[PDB]
Structures are given as C-alpha cells and as structure tokens.
Amino acid sequence: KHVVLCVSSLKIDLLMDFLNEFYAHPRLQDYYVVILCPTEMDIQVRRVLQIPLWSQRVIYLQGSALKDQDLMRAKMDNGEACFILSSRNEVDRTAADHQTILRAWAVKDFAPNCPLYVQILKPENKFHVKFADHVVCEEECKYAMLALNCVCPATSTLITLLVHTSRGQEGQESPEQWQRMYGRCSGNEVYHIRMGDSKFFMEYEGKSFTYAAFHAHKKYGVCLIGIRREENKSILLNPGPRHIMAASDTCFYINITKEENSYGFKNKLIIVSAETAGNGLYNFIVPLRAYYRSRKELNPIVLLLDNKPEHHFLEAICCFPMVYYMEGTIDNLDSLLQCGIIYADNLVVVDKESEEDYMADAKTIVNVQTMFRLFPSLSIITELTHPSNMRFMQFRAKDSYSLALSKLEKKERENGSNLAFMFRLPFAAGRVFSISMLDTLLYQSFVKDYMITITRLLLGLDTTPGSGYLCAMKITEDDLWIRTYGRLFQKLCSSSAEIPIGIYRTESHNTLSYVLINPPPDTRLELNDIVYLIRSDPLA
C-alpha cells in the first residue's frame, strides 16, 4: 500500500497541506507515503516527521528520479500511486519544467502501468506530457481564474472552497450571523453519482436536464451540473434544455455531503502587471473577449510589464481588438497615471522575486498596500504563494471584525486543520488568491477523475462543442419581485437555461464581502448581491 511522491525541494508548506489533505479521506488513509528528494531534510520539516502520528505513515528516503536504483528502493511496481511535483519558488521558471517532464519519462519507463500525476509551470510545455494520466497546468489556470475575476467578483474563492473537503465543521462557532452561515457552506463540495438509482437519481428519468435541478432543491438541496453521455465520455456543463436523462447517464452535482451518506477611451479599463510575457497571457485574454461575450461591454486591457514585450507575443495578440503597451512596474505614481488607473476599474498584478520562506512574497504585498489607501473607491486583485500570509493584506489601524478574526482562525486551526484560511476578510472578498491552493486539486484528483477536467470547462480553456459559459448577474430592485433563492431558482430556469450555484453579499464597517456555495434554497436576498450561473447557447 505504498504511495509515491517526488519533489526537488521540500518545504513545510507543500508537504503539510498535502498530508493534512491526503488523510482527510476516510477511505484511503492507510498508506505508506514515500518521499524522494536529492537534498537533505531541513531542520524544520525534519521535525514534522518526528511527531507521534505521522511517524510510521510517512517514509522518507534520499535520492533522485533518474537513477533506476532509488526508484527500486521505493517499490514502484508494488506502489499504488505515483506523484511528481514541481518546486514553486525558483530562480529559473523555464528550467524547473525540464526537471519535471524528465522525471515523468523515467517513472513512466520504469513502470508503465501505475497512474501518473504531475505539475507543469509553462503552458508551452504542456504538449510534452500528454500521455500521462493527469496533469495540472499552472499558468493557464492562474491567468484564467484571475482573468474571469474581471466579469464576476471572487471567482477564485468559489472554486478553491469547492475543491476543499470539509464537514461544515467551521459553521458552528456562532460568533456572528453571516460567518455562521459563511463557514457552514464551506464544507460544500462536488460529487459523483451516475449509476443505478439513489435518493436523487430516479426522481426524473424521462424529463429534461432542467426539471431535475428544480425539485432537487425541494427535497434535498442538491443541484446537478452536467451529464457525460456513456458514448465518448465527454463532460458537459449545463446541457441545454433539449438534453434528456436516462437511468444510466452521469450526474454531477454539488452538495454538502455525498448522496450515499445522508489616446482616450470609453468603458472601464483594466490594467495588468507581470514580470515577463509568455504563452501565459495569450490565455489570460481568451475569456475576456470570447465568442459568447458581446461587443458592447468589452473591457479594453492595458499591458504593463517590466521587460519589453517579446517578439512572439506580438504575432500572438495582434488578432484581438483592444489592448496596448505601456511599460514600468507598479511603483511610480506616474507610470500608473499615464495609463489612466483613475478612468480604469479593476487592478491586476502577478509578480514575484527570485533565507526565510514566506518572506519572498513581500515585494508585492507592499507595492499593493499603498493603493488601498490611495483609492478607497478602488478594487484590486493579487497573487502570493504561501497560504498563510493571506490576511496580512488589507489591514487597518483599527477594525473590530478584521482583528477579531485572528482568534476565530486560531480556534479553527486547533480543533482540526483543513482550511484555516477561509474566514479572513480579504480572502472571502476575492481580492486575494494563491497558487498552491489549487494544488490540492491534484492530490484530491487521485480519488476523483472528474475533478480536474470539470474545472477548465468552468473557466474558459477547454471547449468540446456541447458546453457552457460561467456568467454572473447582479441583483437589483425588479429581481426583488423574488423573495428568496429557491423562489428565484424556479422562476429563473423556466425562461432561459441557467443554473445557480452560489451568491455574493455586502455589509458595512469601503465595505465587506461574502460567498455562499449552494445555499439552502430558503435564503433571502438584498439589493446589491451577485450569483454564479452557467449559460450554454453556442449550439442548437
């Protein structure tokens, strides 16, 4: 029962969250977790192997992936799972790639049976391991998520909390009202039922895709997403109202628990900064002006980099309408003013710098913070690495909520630790997001094969012809013709084909924020609020 994991440089982080994440599964816990690394253990991490619980469930060994001897040493053939991982923080982005993909070969070579899981930084290199079971592609998803953050707010936090397992352990703390409800719906998760019948499957065999998600909210509060035909094993998002269900067809759905167990311009502008251009941003821009998107509401976008745009970028981006070049980092008031940050709306920054660990995320925290104070009417987004530092973001001399959050997060991390990082103000605002937070996706994938593919289709990225786009709709005074969320759901999908998932809320102390995923459909709605719906009409 030996599980394999390989990495170039371990750190408390990657390990920890893996571990804490990995044994979160009741089903598969007992395994020997195998660690392969060239360099010695640090004085910190080597301390977490000595703890009474993780001692004999974690095997650590010194060695590489290339030599055949040390592969033997791990008992690969016997081993039930093989994981390769990439270091995040490094001097060279382009080299790390080589390291990984290489490892992939050697492992595949050695034992071409076992599943194979791996991370890849640059999109360009995706092409090389297409042969592997499952592959998580960093940049494409990074830029994608953050990109969709410019249509609806807090795109990020939504997805993250989806892919994180919890019991609703965190909703019972009863400090307040919102948070009570906020955390409650955290444990919320996506699940797999297809086969036979169960509490939810039979209800409608013969009616459409739509009528299913209606009366699923009535009995249980489950809301399905998409049906894989048994034919091509292609996944669909929100099949149109024309599609039908069978007795054997795939149901993907969300619930809190598994079914079995219970030059001047016009519109708002957006400004992006990054270290270097790459095949990365080509995909940043895809979702912005797509097909489904209108030519009225487009958001012309300005690119601000440190280094001059490279040649390929030019041939790559000249297709689209509406973008330009401006240069300089985010330091100078002036470098930002030339662009019209004032006229503009949302701020996008993705940066980094090549001793202590969490620290290396500093260079950005700072540049940003200033902006919080320069423009109180302004909204911004950000990317760190270490999912510890989050709350260190937008902080005020005196806040009762913002400071009193500390005690609440500790009070979670001490009972049991999965998500310590939810409650924090800016995080739930979507103003914050991080890299290794989606990394969880990979670990969890081992138990769920529909977990990765589902994601891309949500964003942008992969479209097999039947599919749908994730869109949002503000709530206003004529929608208040509707009382609540359930009364909404049933008058919503009786006109067009759209399914809701979560919601969004705001109160005062500018102002605060929320995301509630699949709330019981009894819950009310204010004036300023937002909901995440899926709309498919590319194809009739």
# chains A, B, ... in the order shown; residues from 1 in each chain; ligands from 1
>>> residues_around(residues="segment 261-277 of chain A", least_positions_apart="3", cutoff="7 Å", atoms="only C-alpha atoms", output="count of residues only")
24
>>> residues_around(residues="residue 370 of chain A", least_positions_apart="4", cutoff="10 Å", atoms="only C-alpha atoms", output="number ranges by chain")
A: 331, 365-366, 374-375, 394
>>> write_last_selection(atoms="N, CA, C and O atoms", output="short mmCIF file (atom, residue, chain, number, x, y, z; two decimals), in the first residue's frame")
data_model
loop_
_atom_site.label_atom_id
_atom_site.label_comp_id
_atom_site.auth_asym_id
_atom_site.auth_seq_id
_atom_site.Cartn_x
_atom_site.Cartn_y
_atom_site.Cartn_z
N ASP A 331 5.28 51.05 -9.11
CA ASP A 331 5.99 51.77 -8.08
C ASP A 331 5.56 53.22 -8.27
O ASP A 331 4.81 53.78 -7.46
N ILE A 365 3.38 42.52 -1.55
CA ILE A 365 2.40 42.92 -0.55
C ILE A 365 2.41 44.41 -0.47
O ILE A 365 1.40 45.10 -0.55
N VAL A 366 3.63 44.90 -0.33
CA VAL A 366 3.92 46.29 -0.12
C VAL A 366 3.36 47.13 -1.25
O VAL A 366 2.38 47.86 -1.05
N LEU A 374 -4.67 54.95 -1.32
CA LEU A 374 -4.73 56.00 -2.33
C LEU A 374 -6.11 56.07 -2.98
O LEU A 374 -6.53 57.13 -3.44
N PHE A 375 -6.78 54.93 -3.05
CA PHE A 375 -8.06 54.84 -3.74
C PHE A 375 -9.06 53.93 -3.02
O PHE A 375 -9.16 52.75 -3.34
N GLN A 394 -4.99 43.60 3.57
CA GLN A 394 -5.61 44.90 3.67
C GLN A 394 -6.00 45.06 5.10
O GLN A 394 -6.95 44.46 5.58
#
>>> residues_around(residues="segment 136-152 of chain A", least_positions_apart="5", cutoff="6 Å", atoms="only C-alpha atoms", output="number ranges by chain")
A: 119-122, 280, 284, 472
>>> residues_around(residues="segment 410-414 of chain A", least_positions_apart="6", cutoff="10 Å", atoms="only C-alpha atoms", output="list in words")
residues 169, 170, 173, 420, 421, 422 and 423 of chain A
>>> closest_residue(among="A:10, A:52, A:3, A:29", to="residue 79 of chain A", atoms="only C-alpha atoms")
A:3
>>> atom_distance(atom1="atom CA of residue 417 of chain A", atom2="atom CA of residue 20 of chain A")
7.2 Å
>>> select_by_dssp(residues="segment 394-524 of chain A", states="helix (DSSP H, G or I)", output="PyMOL selection string")
chain A and resi 400-413+425-428+436-445+451-459+479-481+485-492
>>> select_by_dssp(residues="segment 124-357 of chain A", states="strand (DSSP E or B)", output="number ranges by chain")
A: 134-137, 189-193, 208, 223-224, 244, 251-255, 270-274, 301-305, 323-327, 346-350
>>> residues_around(residues="residue 240 of chain A", least_positions_apart="2", cutoff="12 Å", atoms="only C-alpha atoms", output="short mmCIF file (atom, residue, chain, number, x, y, z; two decimals) with N, CA and C atoms, in the first residue's frame")
data_model
loop_
_atom_site.label_atom_id
_atom_site.label_comp_id
_atom_site.auth_asym_id
_atom_site.auth_seq_id
_atom_site.Cartn_x
_atom_site.Cartn_y
_atom_site.Cartn_z
N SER A 208 -36.50 16.52 -18.73
CA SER A 208 -35.31 17.16 -19.26
C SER A 208 -34.23 17.29 -18.20
N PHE A 209 -33.10 17.81 -18.63
CA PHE A 209 -31.99 18.16 -17.77
C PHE A 209 -32.41 19.19 -16.72
N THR A 210 -33.13 20.21 -17.18
CA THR A 210 -33.59 21.29 -16.33
C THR A 210 -34.44 20.78 -15.15
N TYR A 211 -35.60 20.17 -15.43
CA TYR A 211 -36.59 19.85 -14.38
C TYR A 211 -35.94 19.12 -13.20
N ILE A 225 -24.93 19.49 -12.25
CA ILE A 225 -24.20 20.33 -13.21
C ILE A 225 -24.25 19.81 -14.64
N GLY A 226 -23.65 18.64 -14.88
CA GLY A 226 -23.56 18.13 -16.24
C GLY A 226 -23.53 16.63 -16.38
N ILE A 227 -23.92 16.17 -17.56
CA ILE A 227 -24.08 14.74 -17.83
C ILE A 227 -23.11 14.30 -18.90
N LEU A 236 -20.07 17.53 -19.96
CA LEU A 236 -20.85 18.67 -20.39
C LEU A 236 -21.14 19.56 -19.21
N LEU A 237 -21.25 20.85 -19.49
CA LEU A 237 -21.68 21.79 -18.49
C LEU A 237 -23.02 22.33 -18.89
N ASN A 238 -24.00 22.12 -18.03
CA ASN A 238 -25.32 22.66 -18.27
C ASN A 238 -25.78 22.28 -19.68
N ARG A 242 -32.83 20.99 -24.12
CA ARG A 242 -33.20 19.90 -25.04
C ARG A 242 -32.71 18.52 -24.57
N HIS A 243 -31.56 18.48 -23.91
CA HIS A 243 -30.98 17.21 -23.45
C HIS A 243 -31.87 16.50 -22.43
N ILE A 244 -31.78 15.17 -22.40
CA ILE A 244 -32.63 14.35 -21.55
C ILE A 244 -31.75 13.45 -20.71
N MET A 245 -32.33 12.85 -19.69
CA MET A 245 -31.60 11.92 -18.83
C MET A 245 -32.10 10.51 -19.00
N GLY A 466 -20.49 20.77 -27.22
CA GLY A 466 -21.51 20.96 -26.21
C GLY A 466 -20.89 21.40 -24.90
N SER A 467 -21.26 22.59 -24.45
CA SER A 467 -20.65 23.13 -23.25
C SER A 467 -21.35 24.42 -22.88
N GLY A 468 -20.87 25.06 -21.82
CA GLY A 468 -21.45 26.31 -21.37
C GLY A 468 -20.49 27.29 -20.69
N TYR A 469 -20.87 28.57 -20.66
CA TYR A 469 -20.01 29.61 -20.10
C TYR A 469 -20.48 29.99 -18.70
N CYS A 493 -34.97 29.38 -14.30
CA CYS A 493 -34.67 28.40 -15.35
C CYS A 493 -35.91 27.99 -16.16
N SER A 496 -34.80 31.02 -19.61
CA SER A 496 -33.59 30.54 -20.30
C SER A 496 -33.03 29.32 -19.56
N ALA A 497 -31.91 28.78 -20.04
CA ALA A 497 -31.27 27.67 -19.34
C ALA A 497 -30.03 28.17 -18.61
N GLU A 498 -30.16 28.26 -17.29
CA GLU A 498 -29.08 28.69 -16.42
C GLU A 498 -29.26 28.07 -15.05
N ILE A 499 -28.18 27.70 -14.39
CA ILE A 499 -28.28 27.08 -13.09
C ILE A 499 -27.50 27.96 -12.14
N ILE A 534 -24.56 29.24 -15.02
CA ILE A 534 -23.96 28.69 -16.24
C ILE A 534 -24.91 28.82 -17.44
N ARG A 535 -24.45 29.46 -18.52
CA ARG A 535 -25.28 29.64 -19.73
C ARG A 535 -24.65 29.02 -20.97
N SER A 536 -25.34 28.05 -21.56
CA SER A 536 -24.91 27.45 -22.83
C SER A 536 -25.86 27.70 -23.99
N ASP A 537 -25.51 28.61 -24.89
CA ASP A 537 -26.15 28.69 -26.20
C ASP A 537 -25.12 28.99 -27.29
N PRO A 538 -24.05 28.17 -27.38
CA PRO A 538 -23.29 28.22 -28.63
C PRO A 538 -23.95 27.44 -29.79
N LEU A 539 -24.68 26.37 -29.45
CA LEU A 539 -25.08 25.33 -30.42
C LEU A 539 -26.53 24.82 -30.23
N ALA A 540 -27.28 24.79 -31.32
CA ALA A 540 -28.65 24.30 -31.31
C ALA A 540 -28.76 22.97 -32.05
#
>>> residues_around(residues="residue 61 of chain A", least_positions_apart="3", cutoff="9 Å", atoms="only C-alpha atoms", output="PyMOL selection string")
chain A and resi 34-37+70+73-74
>>> closest_residue(among="A:18, A:214, A:313, A:131", to="residue 494 of chain A", atoms="only C-alpha atoms")
A:214
>>> residues_around(residues="residue 186 of chain A", least_positions_apart="6", cutoff="7 Å", atoms="only C-alpha atoms", output="ChimeraX atom specification")
/A:161,166,168
>>> write_last_selection(atoms="N, CA, C and O atoms", output="compact mmCIF listing (two decimals), in the first residue's frame")
# COMPACT_ATOMS: atom_id res chain seq x y z
N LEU A 161 -12.80 26.80 -2.55
CA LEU A 161 -13.57 26.15 -1.49
C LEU A 161 -14.33 24.94 -2.02
O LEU A 161 -14.56 23.97 -1.28
N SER A 166 -14.62 19.56 3.50
CA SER A 166 -14.90 19.82 4.90
C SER A 166 -16.29 19.36 5.32
O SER A 166 -17.18 19.17 4.49
N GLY A 168 -18.37 20.92 7.24
CA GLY A 168 -19.13 22.03 7.78
C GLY A 168 -18.74 22.18 9.24
O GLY A 168 -19.49 22.74 10.04
>>> closest_residue(among="A:444, A:125, A:94, A:415", to="residue 28 of chain A", atoms="only C-alpha atoms")
A:444
>>> closest_residue(among="A:260, A:157, A:455, A:383", to="residue 424 of chain A", atoms="only C-alpha atoms")
A:157
>>> closest_residue(among="A:256, A:458, A:247, A:425", to="residue 514 of chain A", atoms="only C-alpha atoms")
A:425
